[PDB]
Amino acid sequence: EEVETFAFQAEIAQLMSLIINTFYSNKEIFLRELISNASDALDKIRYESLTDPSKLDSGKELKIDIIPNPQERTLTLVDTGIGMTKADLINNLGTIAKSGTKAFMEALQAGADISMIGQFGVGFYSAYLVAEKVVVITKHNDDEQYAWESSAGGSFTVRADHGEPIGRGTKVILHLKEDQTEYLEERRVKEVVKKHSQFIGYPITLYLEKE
């Protein structure tokens, strides 16, 4: 329905710019970071479901799917985790992300590298190592389905999403940069998952292209 546009916190915009502009070849770390976030979301619904089993009425299966689409030049990471509320998307996550962004930037000035971003809690933004645009479809039990989108440049949008219901969880859609299409290829995604995400406690299914 109505699209609302918001500015990132200045610190978050600055982090995104650093991610986009810094020469840094080891871009594959984005996948570990997004998988980690998906795992954390799954952990949360699992834990909440032990005191309120009805929280799984929106979907019992706790899983991560990684879906390449070469025709659309997208890599999608779908989880059936807890999902994000409207307040999470617009304000609350970025509020928390300020402190870790500051710590990370400081660590970079003192000699850390970009692969340490997850040690600071702000690994989502590493998506911009490979994506020109990120679309996030999300649904929490206590809210409606939303679509968040950002092509960086200091702004993001949020709108009620009337597309296909996802039930519960989050779908991170990476619109890949032209030179980052290796991350649509079978061997490559498998190699990266095996290297950095081997012990995640939820089934990770790596889909193949149909063509």
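Position 1 is the first residue in the sequence shown; the rest follow in order. Rigid core here is just the name for the largest C-alpha set that superposes within 1.5 Å across the two forms.
Asker: To spell it out: superpose each other structure in 9 other deposited structures of this protein onto this one by the rigid core, compute Cα RMS over structures and residues for 35-43 and for 22-30. Which is larger?
Answerer: When 35-43 and 22-30 are compared in 9 other deposited structures of this protein, the bigger C-alpha shift is seen for 22-30.
Asker: Between 111-119 and 85-93, pick out the one whose C-alpha positions differ more from the shown form in 9 other deposited structures of this protein, using the rigid core for superposition.
Answerer: Output: 85-93, the stretch lying farther off on average in 9 other deposited structures of this protein.
Asker: Quick check: 14-22 versus 195-203, which has the larger average CA B-factor in the record?
Answerer: For C-alpha atoms only, the mean B-factor is higher in 195-203.
Asker: Looking at the entry, does 80-88 or 111-119 show the higher mean C-alpha B-factor?
Answerer: For C-alpha atoms only, the mean B-factor is higher in 111-119.
Asker: Looking at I29, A152, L50, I64, which has the biggest Cα B factor in the entry?
Answerer: Highest C-alpha B-factor among the listed options: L50.
Asker: Which of these, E33, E164, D43, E182, has its C-alpha atom at the highest B-factor, as the entry lists it?
Answerer: Going by the entry's C-alpha B-factors, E164 comes out highest.
Asker: Please say which third, lowest, middle or highest, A97 falls into when its CA temperature factor is compared across its chain.
Answerer: For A97, the deposited C-alpha B-factor lands in the middle third.
Asker: Sorting the chain's CA B-factors, does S54 end up in the lowest, middle or highest third?
Answerer: For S54, the deposited C-alpha B-factor lands in the highest third.
Asker: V3's Cα B-factor: lowest, middle or highest third of the chain?
Answerer: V3: CA B-factor falls in the highest third of its chain.
Asker: Taking the values exactly as deposited, rank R159 by C-alpha B-factor within its chain and report the matching third: lowest, middle or highest.
Answerer: It belongs to the middle third of the chain when residues are ordered by C-alpha B-factor.
Asker: Split into thirds by Cα B-factor across the chain's modelled residues, where does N141 land: lowest, middle or highest?
Answerer: It falls in the middle third of the chain.
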